[PDB]
> 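What follows is a structure written as structure tokens; I'll ask about it next.
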Amino acid sequence: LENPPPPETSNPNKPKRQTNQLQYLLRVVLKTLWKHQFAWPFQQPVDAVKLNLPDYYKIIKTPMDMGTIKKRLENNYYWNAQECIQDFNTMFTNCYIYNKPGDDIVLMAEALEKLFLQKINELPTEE
Ligand SMILES: Cn1cc(-c2cc(NS(=O)(=O)CC(F)(F)F)c3ccn(C(C)(c4ccccn4)c4ccccn4)c3c2)cc(NC(=O)Nc2ccccc2F)c1=O
């Protein structure tokens, strides 16, 4: 099986804006998570060919990773903060679906999710 192409990150047919919440999601939330020691397996799409995980994309139909989220924020892909937050949530839940509870990669995702939820509690005031 081939890896699927990565998720779309730019679309000039989608309207574009910068907002206080989107700026915070890139500069504070993504930046904090990205620099965490456990972030490295989530910085790019799961490369199922490289990892010899041929069943990954037989089960995970909405892949998501922080590299894609970073590119979406840099390309003004998201109009609402919730769209970005939904992508982080999808990345975590994909991990909890494919991997057995308590496995290494799940424990890494759980620590990142706890930090993510703490930062989302400090989302700045909307326009
Ligand atoms: C979200 N996500 C991400 C990865 C993942 C991604 C990688 N690189 S990447 O290029 O894809 C993404 C990038 F660039 F950002 F790093 C690598 C490169 C090496 N590794 C390890 C050593 C590994 C394992 C556990 C914890 C940490 N590192 C690895 C991988 C495969 C087999 C053994 N060890 C990776 C793991 C795996 C998942 N799941 C998984 O590996 N599940 C699994 C494996 C074997 C048996 C049972 C399983 F469920 C999953 O969900």
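We count residues from 1, following the sequence as given. Atom set for the values below is all heavy atoms of this structure, side chains included, hydrogens, waters and symmetry mates excluded.
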> Within this structure, what is the OH-NZ distance for the pair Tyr77 and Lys71, rounded to the nearest 0.5 Å?
13.0 Å

> Tell me, yes or no, whether the heavy-atom count around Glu8 atom CD, taken from other residues, nucleotides or ligands under 6.0 Å, exceeds 12.
no

> Starting from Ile69, can I reach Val28 by hopping between I/L/V/M/F/W/Y residues whose side chains sit under 4.5 Å apart?
yes

> Quick one: does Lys61's side chain have a donor or acceptor within less than 3.5 Å of a partner on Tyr57's backbone?
yes

> Please report the C-alpha distance between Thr90 and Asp87 in whole Å, then the side-chain angles of each, then the deciding distance to 0.1 Å, and finally whether the side-chain hydrogen bond (donor to acceptor under 3.5 Å, both in side chains) criterion is met.
CA-CA 5 Å; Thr90 290; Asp87 281 346; 5.0 Å; no

> Determine, using the 4.5 Å side-chain heavy-atom cutoff (strictly less than), whether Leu25 and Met91 are members of one ILVMFWY cluster.
yes

> Taking C-beta and beyond as the side chain, do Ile120 and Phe88 meet within less than 4.5 Å on heavy atoms?
no

> Ignoring hydrogens and geometry, is there a side-chain-to-backbone donor-acceptor pair from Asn3 to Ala48 under 3.5 Å?
yes

> Using a 6.0 Å cut-off, check whether atom NZ of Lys31 has over 12 heavy atoms from anything other than its own residue.
no

> Taking it one step at a time, do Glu110 and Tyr96 satisfy side chain to side chain contact (heavy atoms under 4.5 Å, CB included)?
CA-CA 9 Å; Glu110 286 173 344; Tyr96 307 149; 3.6 Å; yes

> For the pair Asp47 (side chain) and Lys50 (backbone), establish whether a donor and an acceptor sit closer than 3.5 Å, ignoring hydrogens and angles.
yes

> So, does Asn99 use its side chain to make a donor-acceptor pair with the main chain of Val106 at under 3.5 Å?
no

> Between CG of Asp65 and CZ of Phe42, what distance do you get to the nearest 0.5 Å?
10.5 Å

> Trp34 ring centre to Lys70 NZ or CZ under 6.0 Å, with the angle to the axis within 45°?
yes

> Taking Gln21 for the side chain and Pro124 for the main chain, is one N or O donor matched with an acceptor at less than 3.5 Å?
yes

> May I have the step-by-step check of side chain to side chain contact (heavy atoms under 4.5 Å, CB included) for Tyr98 and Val46, ending in yes or no?
CA-CA 12 Å; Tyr98 188 84; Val46 172; over 6 Å; no

> Do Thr19 and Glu127 have side-chain heavy atoms sitting under 4.5 Å apart?
yes

> Tell me if a side-chain donor or acceptor on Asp103 pairs with a main-chain N or O of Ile105 at a distance below 3.5 Å.
no

